[PDB]
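Read through the structure below, which is laid out as structure tokens, and then see the notes.
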Amino acid sequence: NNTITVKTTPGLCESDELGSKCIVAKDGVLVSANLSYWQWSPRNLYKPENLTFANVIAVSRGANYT
Amino acid sequence: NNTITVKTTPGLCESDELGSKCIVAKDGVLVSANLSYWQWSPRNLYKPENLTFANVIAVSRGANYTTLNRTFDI
Amino acid sequence: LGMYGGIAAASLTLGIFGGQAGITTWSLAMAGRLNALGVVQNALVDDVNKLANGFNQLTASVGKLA
Ligand SMILES: *[C@@H]1O[C@H](CO)[C@@H](O[C@@H]2O[C@H](CO)[C@@H](O[C@@H]3O[C@H](CO)[C@@H](O)[C@H](O)[C@@H]3O)[C@H](O)[C@H]2NC(C)=O)[C@H](O)[C@H]1NC(C)=O
Ligand SMILES: *[C@@H]1O[C@H](CO)[C@@H](O[C@@H]2O[C@H](CO)[C@@H](O[C@@H]3O[C@H](CO)[C@@H](O)[C@H](O)[C@@H]3O)[C@H](O)[C@H]2NC(C)=O)[C@H](O)[C@H]1NC(C)=O
Ligand SMILES: *[C@@H]1O[C@H](CO)[C@@H](O[C@@H]2O[C@H](CO)[C@@H](O)[C@H](O)[C@H]2NC(C)=O)[C@H](O)[C@H]1NC(C)=O
Ligand SMILES: *[C@@H]1O[C@H](CO)[C@@H](O[C@@H]2O[C@H](CO)[C@@H](O)[C@H](O)[C@H]2NC(C)=O)[C@H](O)[C@H]1NC(C)=O
Ligand SMILES: *[C@@H]1O[C@H](CO)[C@@H](O[C@@H]2O[C@H](CO)[C@@H](O)[C@H](O)[C@H]2NC(C)=O)[C@H](O)[C@H]1NC(C)=O
Ligand SMILES: *[C@@H]1O[C@H](CO)[C@@H](O)[C@H](O)[C@H]1NC(C)=O
Ligand SMILES: *[C@@H]1O[C@H](CO)[C@@H](O)[C@H](O)[C@H]1NC(C)=O
Ligand SMILES: *[C@@H]1O[C@H](CO)[C@@H](O)[C@H](O)[C@H]1NC(C)=O
Ligand SMILES: *[C@@H]1O[C@H](CO)[C@@H](O)[C@H](O)[C@H]1NC(C)=O
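Structure (structure tokens):
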């Protein structure tokens with residue numbers, strides 16, 4: 922019915938160096954509504970909440986992470 | 922052909938506290954045939970075996986996992 | 725014939741409760757369906773009641789089709 926336009930990214934890494942700690946969203950998407958920080962939403966509805974353990978997944982660095 | 926009715930759960934955690942060690946089944950389902958412990962089966966056939974390393978996957982706590990209060994031994 | 729009675733009866737539950745039975749209620753079945761469609765991670769009682777009201781209003785509007 923109503924939409925919102927946010928920023929999104931495939932994953933988040935700490936630093937630029939290869940071998941950094943990276944996270945991707947667990948069963949959801951990383952969103953940011955022009956904020957200074959990142960949040961978690963379901964993939965088909967904007968319902969944001971702050972990033973937590975048991976909300977993300979620790980991975981290795983993929984292509985074009987923020 | 923023949924069915925059986927077991928208990929099932931999305932995952933198993935050690936304790937109630939957030940940050941506990943949790944496991945989910947790897948390419949299968951967590952089942953219990955009214956036992957005191959949990960086992961692994963294929964998703965479309967009941968063929969139980971005890972929980973092992975290389976049978977589960979260490980994850981973080983999801984919603985409505987079963988708490989053991991036991992510190993499982995793998 | 726009625727569709728959901730009789731000798732050759734159709735199943736009312738087979739496409740949302742699935743072929744391995746055990747989900748006790750329609751509220752628990754609909755919460756799992758909203759989770760798998762990616763619109764709510766963990767459906768509360770207000771999320772399921774909002775879906776139950778929208779179902780019941782639409783189904784009552786069938787009796788006013790011209
Ligand atoms: C979700 O996460 C955001 C991002 O951290 C939270 O907003 C931030 O909250 C902190 C702590 O309340 C704020 O930082 C500092 O607050 C202290 C309070 O003692 C104050 O002295 C400082 O001046 C500073 O403001 C921070 O400003 C705030 N905003 C941002 C953009 O970081 C938010 O509260 C979280 N929402 C939840 C948990 O529901
Ligand atoms: C799959 O896992 C179950 C759960 O652990 C196994 O059953 C349990 O086996 C243990 C060890 O044999 C039993 O515990 C103790 O056995 C000692 C033997 O020295 C005895 O002194 C104690 O009285 C106690 O019984 C335990 O009773 C038994 N049952 C339960 C409900 O825990 C089962 O054997 C495993 N199956 C396999 C590996 O095929
Ligand atoms: C967050 O930022 C984006 C980009 O600045 C905003 O999207 C713009 O919205 C205006 C008005 O709706 C449009 O004219 C622009 O074309 C949009 N930009 C893009 C790239 O689509 C968005 O509205 C911002 N605000 C939020 C989410 O509150
Ligand atoms: C394990 O427990 C369940 C529940 O006590 C058993 O399932 C019941 O089986 C009886 C007879 O088949 C039915 O009348 C009940 O309605 C069933 N309960 C439910 C909730 O479906 C099951 O048979 C037990 N025994 C095993 C797996 O050996
Ligand atoms: C859905 O079913 C419920 C049954 O509990 C209906 O609620 C009752 O409807 C009758 C008929 O008008 C009323 O007399 C009762 O006061 C209602 N009770 C409650 C607790 O609501 C409800 O009307 C039905 N909804 C639709 C849209 O048909
Ligand atoms: C859908 O969005 C419109 C805004 O154009 C709003 O008036 C309406 O109430 C929304 N639908 C529901 C069910 O709230
Ligand atoms: C994604 O990464 C490549 C380098 O691997 C870079 O050239 C490209 O510009 C990046 N994409 C964006 C949108 O910046
Ligand atoms: C299927 O189950 C029936 C029990 O009703 C049994 O008699 C039959 O042998 C089973 N089929 C096979 C191939 O074993
Ligand atoms: C699942 O967890 C919620 C709390 O997050 C709880 O209210 C609910 O009763 C649980 N489900 C069952 C079947 O106990």
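Chains as they are written, first to last, in the entry's author numbering: chain A, 922 to 987; chain B, 922 to 995; chain C, 725 to 790.
All C-beta atoms, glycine included, are put in the ideal place defined by N, C-alpha and C.
Enumerate in chain order the residues of its own chain whose CB-to-CB distance from residue 766 (chain C) is below 6 Å, with the five nearest sequence positions on each side excluded.
Here residue 766 (chain C) corresponds to residue number 42 of the third sequence, with the count starting at 1. Closer than 6 Å at the Cβ level, and outside the excluded window around residue 766 (chain C), lies no residue.
May I have a chain-ordered list of the beta strand (DSSP E) segments no shorter than 3 residues that lie completely inside the segment 924-954 of chain A?
928-930, 943-946, 950-953
Quick check: is the beta carbon of residue 940 (chain B) nearer than 8 Å to any beta carbon in chain A?
Taking the first residue of the second sequence as 1, we reach residue 940 (chain B) at position 19. Judged by the 8 Å Cβ criterion, residue 940 (chain B) is in contact with chain A.
Find out if the Cβ-Cβ distance for the pair residue 942 (chain A), residue 979 (chain A) is shorter than 8 Å.
Residue mapping note: residue 942 (chain A) aligns to position 21 of the first sequence, counting from 1. Residue mapping note: residue 979 (chain A) aligns to position 58 of the first sequence, counting from 1. Their beta carbons are under 8 Å apart, which means residue 942 (chain A) touches residue 979 (chain A) by this criterion.
Applying a beta-carbon distance threshold of less than 9 Å, which residues of chain B neighbour residue 946 (chain A)?
Stepping through the first sequence from its first residue, residue 946 (chain A) is reached at position 25. Within chain B, no residue comes near residue 946 (chain A); the closest Cβ sits about 13 Å away, beyond 9 Å.
For ligand 9, is there a heavy atom less than 7 Å away from the beta-carbon of residue 984 (chain B)?
Taking the second sequence and counting its residues from 1, one reaches residue 984 (chain B) at position 63. Yes; taking the cut-off as 7 Å, the Cβ of residue 984 (chain B) has a heavy atom of ligand 9 nearer than that.
By DSSP, does residue 971 (chain A) sit in helix, in strand, or in coil?
Looking up residue 971 (chain A) in the first sequence gives position 50. In the structure shown, residue 971 (chain A) sits in a strand (DSSP, three-state: E or B).
Whole-number beta carbon distance between residue 987 (chain A) and residue 939 (chain A), since they are thought to touch under 8 Å
The residue you call residue 939 (chain A) lines up with position 18 of the first sequence. The residue you call residue 987 (chain A) lines up with position 66 of the first sequence. Contact doesn't hold; Cβ gap of about 15 Å is too wide.
Chain C within 8 Å of residue 984 (chain B), Cβ atoms only:
Counting from 1 along the second sequence, the entry for residue 984 (chain B) is found at position 63. Yes, residue 984 (chain B) counts as interfacial toward chain C.
Verify the CB distance criterion: does residue 931 (chain A) have a CB-CB separation below 8 Å to chain C?
To locate residue 931 (chain A), count along the first sequence from 1; it is residue 10. Not an interface residue.
Pair within 8 Å by beta-carbon distance, residue 928 (chain B) and residue 950 (chain B)
Reading the second sequence from its first residue, position 7 is the one you call residue 928 (chain B). Reading the second sequence from its first residue, position 29 is the one you call residue 950 (chain B). Result no, Cβ atoms of residue 928 (chain B) and residue 950 (chain B) do not sit closer than 8 Å.
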